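Source file: run.txt (compact mmCIF, C-alpha atoms and all ligand atoms)
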# COMPACT_ATOMS: atom_id res chain seq x y z
CA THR A 17 0.00 0.00 0.00
CA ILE A 18 1.36 3.39 -1.09
CA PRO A 19 1.31 6.49 1.16
CA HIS A 20 0.14 9.83 -0.20
CA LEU A 21 2.17 12.89 0.78
CA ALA A 22 1.46 16.58 0.25
CA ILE A 23 5.15 17.53 0.28
CA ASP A 24 6.04 19.72 -2.69
CA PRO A 25 9.68 18.84 -3.51
CA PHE A 26 9.79 21.81 -5.90
CA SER A 27 8.69 24.44 -3.38
CA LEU A 28 11.03 27.13 -2.10
CA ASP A 29 10.51 26.00 1.50
CA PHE A 30 11.67 22.52 0.47
CA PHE A 31 14.71 23.86 -1.40
CA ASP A 32 15.65 25.99 1.60
CA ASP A 33 16.00 22.91 3.84
CA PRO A 34 15.10 19.61 2.14
CA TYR A 35 16.59 17.19 4.64
CA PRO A 36 13.69 16.75 7.10
CA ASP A 37 11.26 16.32 4.19
CA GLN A 38 13.64 13.90 2.47
CA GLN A 39 13.65 11.72 5.59
CA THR A 40 9.86 11.88 5.66
CA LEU A 41 9.88 10.74 2.01
CA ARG A 42 12.26 7.85 2.81
CA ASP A 43 10.54 6.71 5.99
CA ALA A 44 6.98 6.87 4.64
CA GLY A 45 7.76 3.85 2.46
CA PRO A 46 9.92 2.63 -0.42
CA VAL A 47 7.45 4.23 -2.85
CA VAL A 48 5.28 7.30 -2.22
CA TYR A 49 2.67 9.17 -4.20
CA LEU A 50 3.08 12.96 -4.31
CA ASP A 51 -0.45 14.38 -4.53
CA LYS A 52 0.85 17.87 -5.39
CA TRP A 53 2.01 16.72 -8.84
CA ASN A 54 0.41 13.28 -9.35
CA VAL A 55 3.74 11.43 -9.54
CA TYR A 56 5.32 8.52 -7.73
CA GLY A 57 8.48 9.14 -5.73
CA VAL A 58 11.36 6.99 -4.53
CA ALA A 59 13.78 8.47 -2.00
CA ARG A 60 15.69 5.50 -0.55
CA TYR A 61 18.99 4.46 -2.08
CA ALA A 62 17.93 0.93 -3.04
CA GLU A 63 14.86 1.93 -5.06
CA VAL A 64 16.53 4.95 -6.68
CA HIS A 65 19.44 2.75 -7.75
CA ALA A 66 17.04 0.07 -9.00
CA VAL A 67 14.97 2.51 -11.06
CA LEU A 68 18.10 4.03 -12.62
CA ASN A 69 19.31 0.56 -13.67
CA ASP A 70 15.97 -0.60 -15.12
CA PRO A 71 15.77 1.53 -18.28
CA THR A 72 13.39 -0.74 -20.22
CA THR A 73 10.63 -0.16 -17.64
CA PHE A 74 11.61 3.28 -16.33
CA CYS A 75 12.36 5.01 -19.61
CA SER A 76 13.84 8.41 -20.48
CA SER A 77 12.41 8.94 -23.99
CA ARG A 78 9.17 10.37 -22.56
CA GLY A 79 11.19 13.03 -20.73
CA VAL A 80 13.19 13.09 -17.50
CA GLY A 81 11.25 16.07 -16.19
CA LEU A 82 7.66 16.11 -15.03
CA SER A 83 6.29 16.58 -18.55
CA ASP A 84 5.44 13.43 -20.51
CA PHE A 85 6.48 13.87 -24.14
CA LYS A 86 3.67 11.48 -25.16
CA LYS A 87 1.19 14.00 -23.72
CA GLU A 88 2.81 17.45 -24.10
CA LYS A 89 5.16 19.01 -26.62
CA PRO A 90 8.75 19.33 -25.33
CA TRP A 91 9.81 22.91 -24.69
CA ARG A 92 12.80 22.22 -26.97
CA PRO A 93 13.65 19.37 -29.36
CA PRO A 94 14.37 16.29 -27.22
CA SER A 95 17.94 15.59 -26.20
CA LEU A 96 19.35 12.77 -28.33
CA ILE A 97 21.12 11.34 -25.27
CA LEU A 98 19.41 12.38 -22.01
CA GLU A 99 15.88 11.94 -23.42
CA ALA A 100 16.49 8.80 -25.48
CA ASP A 101 16.41 5.11 -24.68
CA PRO A 102 18.60 2.33 -26.08
CA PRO A 103 19.11 1.62 -28.93
CA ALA A 104 18.67 5.23 -30.15
CA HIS A 105 20.70 6.36 -27.13
CA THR A 106 23.71 4.16 -27.79
CA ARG A 107 25.66 5.72 -30.65
CA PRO A 108 25.14 9.35 -29.57
CA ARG A 109 26.29 8.27 -26.11
CA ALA A 110 29.39 6.62 -27.60
CA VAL A 111 30.29 9.83 -29.43
CA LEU A 112 30.10 11.86 -26.23
CA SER A 113 32.03 9.20 -24.30
CA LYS A 114 34.81 9.44 -26.88
CA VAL A 115 34.76 13.25 -27.04
CA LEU A 116 34.98 13.40 -23.23
CA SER A 117 37.19 10.32 -22.94
CA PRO A 118 40.12 9.61 -20.64
CA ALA A 119 42.41 10.28 -23.61
CA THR A 120 40.79 13.70 -24.08
CA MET A 121 41.39 14.60 -20.44
CA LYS A 122 45.14 14.40 -21.10
CA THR A 123 44.79 17.26 -23.58
CA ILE A 124 43.07 19.67 -21.15
CA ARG A 125 44.45 18.75 -17.73
CA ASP A 126 47.45 21.08 -17.66
CA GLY A 127 45.38 24.11 -18.65
CA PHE A 128 42.51 23.23 -16.33
CA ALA A 129 44.90 22.79 -13.39
CA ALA A 130 46.87 25.93 -14.28
CA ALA A 131 43.66 27.97 -14.37
CA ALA A 132 42.58 26.58 -10.98
CA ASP A 133 45.94 27.36 -9.37
CA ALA A 134 45.88 30.89 -10.78
CA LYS A 135 42.29 31.52 -9.67
CA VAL A 136 43.03 30.52 -6.08
CA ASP A 137 46.14 32.72 -6.01
CA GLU A 138 44.08 35.57 -7.45
CA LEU A 139 41.39 35.15 -4.79
CA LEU A 140 44.03 34.99 -2.05
CA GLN A 141 45.16 38.46 -3.11
CA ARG A 142 41.59 39.75 -2.64
CA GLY A 143 41.13 38.03 0.72
CA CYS A 144 37.33 38.30 0.99
CA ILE A 145 35.45 36.93 -2.01
CA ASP A 146 32.14 35.40 -3.09
CA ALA A 147 32.85 31.71 -3.57
CA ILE A 148 29.99 31.44 -6.08
CA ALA A 149 30.48 34.37 -8.47
CA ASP A 150 34.25 34.59 -7.95
CA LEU A 151 35.07 30.86 -7.83
CA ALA A 152 32.32 28.30 -8.49
CA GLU A 153 31.19 30.29 -11.53
CA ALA A 154 34.38 32.12 -12.49
CA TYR A 155 36.57 29.02 -12.75
CA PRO A 156 34.28 26.88 -14.96
CA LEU A 157 33.58 29.96 -17.09
CA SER A 158 37.35 30.37 -17.54
CA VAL A 159 38.01 26.83 -18.85
CA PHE A 160 34.86 25.09 -20.12
CA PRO A 161 33.62 27.46 -22.86
CA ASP A 162 37.15 27.53 -24.30
CA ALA A 163 37.35 23.72 -24.11
CA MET A 164 34.05 23.60 -26.02
CA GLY A 165 35.57 25.87 -28.65
CA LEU A 166 32.92 28.56 -28.24
CA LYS A 167 33.50 32.03 -29.60
CA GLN A 168 33.71 34.88 -27.10
CA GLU A 169 30.54 36.69 -28.18
CA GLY A 170 27.37 35.60 -26.42
CA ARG A 171 28.80 33.60 -23.51
CA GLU A 172 26.66 35.71 -21.15
CA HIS A 173 23.78 33.45 -22.27
CA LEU A 174 25.38 30.20 -21.08
CA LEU A 175 24.42 30.21 -17.42
CA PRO A 176 20.95 31.69 -18.04
CA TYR A 177 20.33 28.93 -20.61
CA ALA A 178 21.43 26.19 -18.22
CA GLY A 179 19.29 27.62 -15.44
CA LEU A 180 16.35 27.43 -17.85
CA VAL A 181 17.18 23.84 -18.83
CA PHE A 182 17.30 22.68 -15.23
CA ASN A 183 14.20 24.61 -14.16
CA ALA A 184 12.38 23.13 -17.16
CA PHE A 185 12.71 19.56 -15.85
CA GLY A 186 10.51 20.67 -12.98
CA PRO A 187 6.77 21.00 -12.73
CA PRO A 188 4.97 24.01 -14.26
CA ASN A 189 5.50 26.19 -11.20
CA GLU A 190 6.62 29.82 -11.22
CA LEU A 191 10.31 28.88 -11.48
CA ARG A 192 9.68 26.89 -14.66
CA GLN A 193 7.28 29.24 -16.39
CA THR A 194 9.38 32.33 -15.66
CA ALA A 195 12.36 30.43 -17.08
CA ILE A 196 10.63 29.40 -20.32
CA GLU A 197 8.91 32.74 -20.94
CA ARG A 198 11.07 34.95 -23.16
CA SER A 199 13.78 32.26 -23.20
CA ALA A 200 14.07 32.63 -26.99
CA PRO A 201 17.26 34.77 -26.96
CA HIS A 202 19.04 32.15 -24.84
CA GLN A 203 17.86 29.33 -27.10
CA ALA A 204 18.85 31.32 -30.20
CA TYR A 205 22.38 31.86 -28.93
CA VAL A 206 22.96 28.23 -27.92
CA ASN A 207 21.40 26.75 -31.05
CA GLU A 208 23.58 28.98 -33.23
CA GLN A 209 26.78 27.98 -31.41
CA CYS A 210 25.92 24.31 -31.99
CA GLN A 211 26.44 24.76 -35.75
CA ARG A 212 29.79 23.51 -37.02
CA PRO A 213 31.12 26.86 -38.38
CA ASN A 214 30.91 28.44 -34.90
CA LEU A 215 33.00 25.83 -33.04
CA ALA A 216 36.77 26.11 -32.82
CA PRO A 217 38.66 23.15 -34.33
CA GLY A 218 40.06 20.98 -31.56
CA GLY A 219 37.34 21.77 -29.03
CA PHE A 220 34.60 19.46 -27.77
CA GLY A 221 32.04 20.90 -30.17
CA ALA A 222 34.14 20.49 -33.30
CA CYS A 223 35.10 16.98 -32.21
CA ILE A 224 31.41 16.05 -31.97
CA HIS A 225 30.93 17.24 -35.55
CA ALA A 226 34.02 15.26 -36.61
CA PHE A 227 32.29 12.06 -35.51
CA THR A 228 29.62 12.57 -38.17
CA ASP A 229 32.22 11.13 -40.57
CA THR A 230 32.19 7.78 -38.73
CA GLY A 231 28.53 6.86 -39.08
CA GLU A 232 27.92 7.09 -35.34
CA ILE A 233 25.87 10.30 -35.71
CA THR A 234 24.52 12.13 -38.74
CA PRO A 235 25.48 15.76 -39.38
CA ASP A 236 22.00 16.85 -38.25
CA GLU A 237 22.47 15.03 -34.92
CA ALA A 238 25.75 16.77 -34.07
CA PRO A 239 24.25 20.18 -33.15
CA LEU A 240 21.91 18.60 -30.61
CA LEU A 241 24.82 16.74 -29.03
CA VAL A 242 26.79 19.98 -28.77
CA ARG A 243 23.64 21.38 -27.17
CA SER A 244 23.73 18.65 -24.53
CA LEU A 245 27.21 19.76 -23.45
CA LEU A 246 26.12 23.40 -23.41
CA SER A 247 23.10 22.42 -21.29
CA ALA A 248 24.80 20.21 -18.70
CA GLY A 249 28.47 21.08 -18.95
CA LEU A 250 28.69 24.31 -16.93
CA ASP A 251 25.91 24.71 -14.35
CA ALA A 252 26.21 21.29 -12.72
CA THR A 253 29.95 21.83 -12.20
CA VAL A 254 29.29 25.34 -10.84
CA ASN A 255 27.10 23.85 -8.14
CA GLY A 256 29.44 20.91 -7.60
CA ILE A 257 32.41 23.18 -6.94
CA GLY A 258 30.33 25.59 -4.87
CA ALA A 259 29.14 22.58 -2.87
CA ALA A 260 32.72 21.47 -2.24
CA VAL A 261 33.77 24.93 -1.03
CA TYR A 262 30.67 25.14 1.15
CA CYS A 263 31.56 21.78 2.70
CA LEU A 264 35.16 22.78 3.34
CA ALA A 265 33.99 26.06 4.87
CA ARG A 266 31.63 24.23 7.23
CA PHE A 267 33.93 21.27 8.08
CA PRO A 268 37.31 22.84 8.92
CA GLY A 269 38.62 19.48 10.14
CA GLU A 270 38.14 18.12 6.63
CA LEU A 271 39.87 21.10 5.04
CA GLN A 272 42.82 20.37 7.32
CA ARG A 273 42.86 16.72 6.27
CA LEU A 274 42.78 17.84 2.63
CA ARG A 275 45.69 20.22 3.23
CA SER A 276 47.60 17.34 4.85
CA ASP A 277 47.18 15.16 1.75
CA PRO A 278 46.19 17.04 -1.42
CA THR A 279 45.88 13.69 -3.22
CA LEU A 280 42.52 13.45 -1.43
CA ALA A 281 41.25 16.30 -3.65
CA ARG A 282 39.48 14.02 -6.13
CA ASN A 283 37.61 12.09 -3.44
CA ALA A 284 36.94 15.29 -1.49
CA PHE A 285 35.09 16.47 -4.58
CA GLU A 286 33.26 13.17 -5.06
CA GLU A 287 32.10 13.35 -1.46
CA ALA A 288 30.83 16.87 -2.06
CA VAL A 289 28.77 15.56 -4.98
CA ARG A 290 27.28 12.92 -2.68
CA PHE A 291 26.84 15.28 0.26
CA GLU A 292 25.10 18.12 -1.57
CA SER A 293 23.97 16.28 -4.73
CA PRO A 294 23.91 19.37 -6.98
CA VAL A 295 21.61 17.49 -9.35
CA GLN A 296 18.83 16.68 -6.90
CA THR A 297 16.22 14.87 -8.97
CA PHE A 298 15.28 13.31 -12.28
CA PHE A 299 12.10 11.64 -13.53
CA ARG A 300 11.46 8.43 -15.41
CA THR A 301 8.25 7.28 -17.10
CA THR A 302 6.98 3.72 -16.79
CA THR A 303 6.61 1.89 -20.10
CA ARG A 304 4.51 -0.86 -18.50
CA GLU A 305 2.82 -1.80 -15.27
CA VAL A 306 5.53 -2.59 -12.73
CA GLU A 307 5.96 -3.46 -9.07
CA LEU A 308 8.68 -1.60 -7.15
CA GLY A 309 9.76 -2.24 -3.57
CA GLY A 310 6.53 -4.15 -2.98
CA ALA A 311 4.35 -1.41 -4.53
CA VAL A 312 2.63 -1.46 -7.93
CA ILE A 313 2.72 1.27 -10.60
CA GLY A 314 0.77 1.59 -13.83
CA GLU A 315 1.97 2.29 -17.35
CA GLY A 316 2.74 5.82 -18.46
CA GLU A 317 3.35 7.08 -14.91
CA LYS A 318 6.03 9.58 -13.89
CA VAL A 319 8.46 8.42 -11.21
CA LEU A 320 10.52 11.05 -9.38
CA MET A 321 13.93 9.87 -8.18
CA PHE A 322 15.41 11.79 -5.23
CA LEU A 323 19.13 11.40 -5.92
CA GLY A 324 20.14 13.67 -3.05
CA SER A 325 18.01 11.69 -0.60
CA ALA A 326 19.43 8.41 -1.90
CA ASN A 327 22.90 9.81 -1.23
CA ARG A 328 21.95 10.52 2.40
CA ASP A 329 19.94 7.34 3.05
CA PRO A 330 21.11 5.92 6.42
CA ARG A 331 20.12 2.47 5.17
CA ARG A 332 23.13 2.74 2.81
CA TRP A 333 25.52 5.31 4.31
CA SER A 334 27.04 5.55 7.76
CA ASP A 335 26.92 9.11 9.11
CA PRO A 336 25.23 10.25 5.86
CA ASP A 337 25.00 13.83 7.09
CA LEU A 338 28.76 14.12 7.65
CA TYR A 339 31.21 15.34 5.03
CA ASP A 340 34.08 12.80 5.04
CA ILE A 341 36.75 13.23 2.38
CA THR A 342 38.02 9.65 2.86
CA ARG A 343 34.55 8.10 2.62
CA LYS A 344 34.24 5.24 0.17
CA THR A 345 31.94 7.16 -2.17
CA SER A 346 31.55 4.52 -4.90
CA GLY A 347 27.87 3.79 -5.45
CA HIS A 348 26.56 7.30 -4.90
CA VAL A 349 24.02 8.41 -7.50
CA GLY A 350 24.98 12.09 -7.73
CA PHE A 351 26.17 11.35 -11.29
CA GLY A 352 23.35 8.89 -11.92
CA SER A 353 23.85 5.19 -12.50
CA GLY A 354 23.52 2.81 -15.41
CA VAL A 355 23.24 3.55 -19.11
CA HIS A 356 22.75 7.31 -18.57
CA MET A 357 25.39 7.80 -15.88
CA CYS A 358 26.99 11.21 -16.37
CA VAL A 359 28.94 11.06 -19.62
CA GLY A 360 30.73 14.25 -18.59
CA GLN A 361 31.87 12.91 -15.24
CA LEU A 362 35.57 13.02 -16.19
CA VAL A 363 35.34 16.74 -17.02
CA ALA A 364 33.41 17.39 -13.80
CA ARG A 365 35.87 15.45 -11.65
CA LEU A 366 38.81 17.09 -13.42
CA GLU A 367 37.54 20.59 -12.63
CA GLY A 368 36.62 19.60 -9.09
CA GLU A 369 39.91 17.84 -8.39
CA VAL A 370 42.21 20.59 -9.60
CA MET A 371 40.27 23.31 -7.81
CA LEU A 372 40.34 21.38 -4.52
CA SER A 373 44.01 20.58 -5.11
CA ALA A 374 44.71 24.31 -5.49
CA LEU A 375 42.83 25.07 -2.27
CA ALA A 376 44.57 22.19 -0.49
CA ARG A 377 48.03 23.54 -1.34
CA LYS A 378 47.40 27.30 -1.06
CA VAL A 379 44.68 27.94 1.58
CA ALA A 380 44.88 27.50 5.35
CA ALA A 381 41.31 28.44 6.26
CA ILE A 382 37.95 29.22 4.68
CA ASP A 383 35.66 31.28 6.93
CA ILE A 384 32.13 32.25 5.94
CA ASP A 385 32.31 36.02 6.08
CA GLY A 386 28.90 37.38 5.05
CA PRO A 387 25.28 36.46 4.34
CA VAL A 388 24.83 33.11 2.60
CA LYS A 389 22.12 33.12 -0.07
CA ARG A 390 20.60 30.04 -1.67
CA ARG A 391 19.90 29.78 -5.40
CA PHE A 392 16.54 28.15 -6.13
CA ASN A 393 16.16 25.80 -9.09
CA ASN A 394 13.71 22.99 -9.75
CA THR A 395 16.59 20.50 -10.30
CA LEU A 396 19.84 22.09 -9.07
CA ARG A 397 20.82 22.55 -5.43
CA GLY A 398 23.36 25.26 -4.73
CA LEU A 399 24.10 28.72 -3.45
CA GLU A 400 23.61 32.16 -4.99
CA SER A 401 26.24 33.85 -2.79
CA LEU A 402 28.88 32.42 -0.45
CA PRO A 403 31.00 35.22 1.05
CA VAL A 404 34.19 33.77 2.51
CA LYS A 405 37.55 34.97 3.76
CA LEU A 406 40.46 32.89 2.45
CA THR A 407 43.56 32.67 4.64
CA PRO A 408 46.77 31.80 2.75
CA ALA A 409 48.78 28.77 3.77
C1 LIG B 1 29.26 17.94 -10.68
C2 LIG B 1 28.88 17.97 -11.96
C3 LIG B 1 27.77 17.10 -12.59
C4 LIG B 1 26.77 16.41 -12.03
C5 LIG B 1 26.36 16.29 -10.54
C6 LIG B 1 26.03 15.75 -13.08
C7 LIG B 1 24.92 14.96 -12.92
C8 LIG B 1 24.37 14.14 -13.88
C9 LIG B 1 23.36 13.13 -13.67
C10 LIG B 1 22.70 12.81 -12.32
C11 LIG B 1 23.08 12.56 -14.84
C12 LIG B 1 22.07 11.40 -15.05
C13 LIG B 1 20.88 11.76 -15.92
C14 LIG B 1 19.83 10.68 -15.89
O1 LIG B 1 20.07 9.57 -15.34
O2 LIG B 1 18.73 10.93 -16.42
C15 LIG B 1 23.93 13.17 -15.86
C16 LIG B 1 23.97 12.89 -17.21
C17 LIG B 1 24.62 13.65 -18.17
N1 LIG B 1 25.59 14.62 -17.95
FE1 LIG B 1 26.30 15.15 -16.09
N2 LIG B 1 26.63 16.05 -14.28
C18 LIG B 1 27.70 16.87 -14.03
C19 LIG B 1 28.56 17.39 -14.99
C20 LIG B 1 28.48 17.26 -16.35
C21 LIG B 1 29.41 17.78 -17.33
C22 LIG B 1 30.65 18.61 -16.91
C23 LIG B 1 28.96 17.45 -18.57
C24 LIG B 1 29.54 17.73 -19.98
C25 LIG B 1 30.73 18.29 -20.24
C26 LIG B 1 27.75 16.67 -18.38
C27 LIG B 1 26.96 16.12 -19.37
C28 LIG B 1 25.99 15.14 -19.17
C29 LIG B 1 25.24 14.46 -20.20
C30 LIG B 1 25.40 14.74 -21.71
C31 LIG B 1 24.42 13.57 -19.61
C32 LIG B 1 23.44 12.61 -20.32
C33 LIG B 1 24.11 11.25 -20.39
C34 LIG B 1 23.18 10.19 -20.91
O3 LIG B 1 21.94 10.43 -20.95
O4 LIG B 1 23.69 9.12 -21.32
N3 LIG B 1 27.49 16.58 -17.04
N4 LIG B 1 24.69 14.14 -15.22
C1 LIG B 2 23.48 17.32 -16.06
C2 LIG B 2 22.05 16.98 -16.47
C3 LIG B 2 21.80 17.10 -17.97
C4 LIG B 2 22.24 16.09 -18.81
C5 LIG B 2 22.04 16.17 -20.19
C6 LIG B 2 21.36 17.26 -20.73
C7 LIG B 2 21.12 17.34 -22.24
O1 LIG B 2 21.32 16.34 -22.98
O2 LIG B 2 20.71 18.42 -22.75
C8 LIG B 2 20.91 18.27 -19.88
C9 LIG B 2 21.13 18.18 -18.51
CL CL B 3 17.80 25.35 -27.21
Can the structure in the file be given as structure tokens, please?
Amino acid sequence: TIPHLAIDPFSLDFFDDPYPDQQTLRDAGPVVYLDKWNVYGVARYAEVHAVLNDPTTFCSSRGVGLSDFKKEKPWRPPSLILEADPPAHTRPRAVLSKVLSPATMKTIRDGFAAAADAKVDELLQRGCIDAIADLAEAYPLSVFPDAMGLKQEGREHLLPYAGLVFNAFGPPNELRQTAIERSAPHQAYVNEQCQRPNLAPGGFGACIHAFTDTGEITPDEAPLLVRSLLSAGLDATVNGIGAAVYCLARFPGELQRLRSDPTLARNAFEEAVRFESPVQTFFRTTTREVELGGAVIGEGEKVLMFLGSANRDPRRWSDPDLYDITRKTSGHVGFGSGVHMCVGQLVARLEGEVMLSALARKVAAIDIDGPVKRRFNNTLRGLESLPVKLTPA
């Protein structure tokens, strides 16, 4: 039997402090019904992991937001990777895996690390900075658009466009409808940059187009795959890095452990992804009647997965509410799991690692120094402003 809850997981009060409500969602049962939006929800680790790894029943081709593409028109042409199922998903996924491959990371690591080192030294000269605007946003903006091969003109549209994308996965609340209304200039900029002439040879975007020669994607598929990287490739990392700084500012003991062994930087970042889960939620749509955790669900139903809750589920994690940079993080679902698991995870971890490495080697303390402000988004968890004082090592 399935409990009905009135919790709105897309309300500002929920975003402001989701953790009590997430425990209510977990402890009510393995599967809940959210009467506010007429969707099923799973918030425990086991069921979230199971849904993610059962793509033939919990599909993505009817949308991974609230909207069902079989019932409503998508606000933009469907993503060829995020909003596709196998087999259509497979070859586009392979292209992005190769574009963002381990081999590709060799070509960008030195510049990504150099930019992170320089940014931290720059911020140490200022002393008191906003870790969002001046760090979590500034650093990805300084490396990722260039790595994409984007021209300089128009980059002001990148973060607004991503904010729209992530709000649009949500329900038709004020956040979503404000985001979609008059979004055309953002869409126009992105869609134009996805065309082959506008992408610098050697960058991620041009490499996507180069794979049209192989038969893995057609030329008309390449712009939409560039669009995927321009949708996901900046804003999630902004909130991942901001999350990591927020954790280190709140857990000084863990900053000191990181200073003691900067080779913990990569796992310190992975733990931040688990702890904050910058990508909080995604939907699936059932392709058939299915039973889940003892409960039954009909065909064509939306299922909301609480990734952040799964990453704090005490059934799976010891001390889930503690930030522990030596935690064995493998198994967390902050990057997803299964056939859709973050194809950009090597870029994300690269940025996160080298920024936390720079902090580890250069900073002695991070003290919150002014009002903290949360940024509200139907899908992304993160801060709008994080004023901190950095003390040099
Ligand atoms: C901390 C940073 C990031 C987080 C937390 C994150 C989170 C996620 C999650 C949870 C999914 C699963 C989607 C699903 O199961 O429906 C995903 C997929 C995806 N991500 Fe990431 N992401 C991050 C960074 C990036 C970056 C840097 C890129 C590109 C450069 C990227 C591109 C993608 C793409 C294209 C997909 C779709 C993969 C597929 O459907 O096969 N993401 N991401
Ligand atoms: C990081 C979540 C995300 C993944 C993929 C897309 C896309 O394909 O547009 C958009 C967002
Ligand atoms: Cl678009």
Per residue of chain A within 10 Å of ligand CL 3 (chain B), record the nearest atom pair and its distance in Å to one decimal, counting all atoms listed in the file, with rows in chain order and ascending residue number, as a Markdown table.
| residue | atom | partner | partner_atom | distance |
| --- | --- | --- | --- | --- |
| A:91 | CA | B:CL3 | CL | 8.7 |
| A:92 | CA | B:CL3 | CL | 5.9 |
| A:93 | CA | B:CL3 | CL | 7.6 |
| A:94 | CA | B:CL3 | CL | 9.7 |
| A:95 | CA | B:CL3 | CL | 9.8 |
| A:177 | CA | B:CL3 | CL | 7.9 |
| A:178 | CA | B:CL3 | CL | 9.7 |
| A:180 | CA | B:CL3 | CL | 9.7 |
| A:181 | CA | B:CL3 | CL | 8.5 |
| A:199 | CA | B:CL3 | CL | 8.9 |
| A:200 | CA | B:CL3 | CL | 8.2 |
| A:201 | CA | B:CL3 | CL | 9.4 |
| A:202 | CA | B:CL3 | CL | 7.3 |
| A:203 | CA | B:CL3 | CL | 4.0 |
| A:204 | CA | B:CL3 | CL | 6.8 |
| A:205 | CA | B:CL3 | CL | 8.1 |
| A:206 | CA | B:CL3 | CL | 6.0 |
| A:207 | CA | B:CL3 | CL | 5.4 |
| A:208 | CA | B:CL3 | CL | 9.1 |
| A:210 | CA | B:CL3 | CL | 9.5 |
| A:240 | CA | B:CL3 | CL | 8.6 |
| A:243 | CA | B:CL3 | CL | 7.1 |
| A:244 | CA | B:CL3 | CL | 9.3 |
| A:246 | CA | B:CL3 | CL | 9.4 |
| A:247 | CA | B:CL3 | CL | 8.5 |
| request: Check every protein, DNA and RNA residue against ligand LIG 2 (chain B), keep those with an atom at most 9 Å away (counting all atoms listed in the file), and present them as a PyMOL selection string. | output: chain A and resi 94-99+178+181-182+185+240-253+295+298+351+356+358-360+395
| If we count only C-alpha atoms, what is near residue A:236 at a cut-off of 10 Å, once residues fewer than 6 positions away on the same chain are taken out, given as a ChimeraX atom specification? | /A:211,225,228
| request: Check the smallest atom-to-atom distance from each of A:82, A:355, A:50, A:224 to ligand LIG 1 (chain B) using all atoms listed in the file, then report the winner. | output: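 Counting all atoms listed in the file, the residue closest to ligand LIG 1 (chain B) is A:355.
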| With only C-alpha atoms as the basis for distance, which of A:75, A:357, A:281, A:326 is at the shortest distance from residue A:38? |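 Checking each of A:75, A:357, A:281, A:326 against residue A:38, counting only C-alpha atoms, the winner is A:326.
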| field | From A:310, A:179, A:352, A:103, residue lying nearest ligand LIG 1 (chain B) [all atoms listed in the file] | value | A:352
| note | Among A:294, A:156, A:186, A:176, ligand LIG 1 (chain B) is approached most closely, using all atoms listed in the file, by A:294
Would you save stretch 337-346 of chain A to a file, keeping N, CA, C and O atoms, as a PDB file, in the first residue's frame?
ATOM      1  N   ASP A 337      25.027  12.385   7.013  1.00  0.00           N
ATOM      2  CA  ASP A 337      24.996  13.835   7.093  1.00  0.00           C
ATOM      3  C   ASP A 337      26.352  14.426   7.445  1.00  0.00           C
ATOM      4  O   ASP A 337      26.436  15.623   7.736  1.00  0.00           O
ATOM      5  N   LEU A 338      27.413  13.626   7.413  1.00  0.00           N
ATOM      6  CA  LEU A 338      28.759  14.117   7.652  1.00  0.00           C
ATOM      7  C   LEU A 338      29.546  14.127   6.351  1.00  0.00           C
ATOM      8  O   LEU A 338      29.467  13.190   5.553  1.00  0.00           O
ATOM      9  N   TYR A 339      30.283  15.212   6.147  1.00  0.00           N
ATOM     10  CA  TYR A 339      31.206  15.339   5.029  1.00  0.00           C
ATOM     11  C   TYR A 339      32.537  14.692   5.413  1.00  0.00           C
ATOM     12  O   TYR A 339      33.195  15.141   6.358  1.00  0.00           O
ATOM     13  N   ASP A 340      32.913  13.623   4.705  1.00  0.00           N
ATOM     14  CA  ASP A 340      34.082  12.805   5.038  1.00  0.00           C
ATOM     15  C   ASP A 340      34.885  12.580   3.768  1.00  0.00           C
ATOM     16  O   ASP A 340      34.484  11.779   2.920  1.00  0.00           O
ATOM     17  N   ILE A 341      36.027  13.260   3.642  1.00  0.00           N
ATOM     18  CA  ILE A 341      36.753  13.227   2.378  1.00  0.00           C
ATOM     19  C   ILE A 341      37.465  11.906   2.128  1.00  0.00           C
ATOM     20  O   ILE A 341      37.959  11.694   1.016  1.00  0.00           O
ATOM     21  N   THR A 342      37.516  11.000   3.105  1.00  0.00           N
ATOM     22  CA  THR A 342      38.021   9.654   2.858  1.00  0.00           C
ATOM     23  C   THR A 342      36.910   8.613   2.820  1.00  0.00           C
ATOM     24  O   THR A 342      37.201   7.413   2.822  1.00  0.00           O
ATOM     25  N   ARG A 343      35.649   9.042   2.765  1.00  0.00           N
ATOM     26  CA  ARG A 343      34.549   8.103   2.617  1.00  0.00           C
ATOM     27  C   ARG A 343      34.714   7.306   1.330  1.00  0.00           C
ATOM     28  O   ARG A 343      35.155   7.832   0.305  1.00  0.00           O
ATOM     29  N   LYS A 344      34.374   6.023   1.387  1.00  0.00           N
ATOM     30  CA  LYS A 344      34.242   5.239   0.165  1.00  0.00           C
ATOM     31  C   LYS A 344      32.950   5.685  -0.505  1.00  0.00           C
ATOM     32  O   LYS A 344      31.851   5.308  -0.090  1.00  0.00           O
ATOM     33  N   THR A 345      33.080   6.537  -1.522  1.00  0.00           N
ATOM     34  CA  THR A 345      31.936   7.159  -2.174  1.00  0.00           C
ATOM     35  C   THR A 345      31.351   6.325  -3.303  1.00  0.00           C
ATOM     36  O   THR A 345      30.256   6.648  -3.777  1.00  0.00           O
ATOM     37  N   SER A 346      32.038   5.283  -3.759  1.00  0.00           N
ATOM     38  CA  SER A 346      31.548   4.524  -4.902  1.00  0.00           C
ATOM     39  C   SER A 346      30.143   4.014  -4.615  1.00  0.00           C
ATOM     40  O   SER A 346      29.861   3.508  -3.526  1.00  0.00           O
TER      41      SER A 346
END
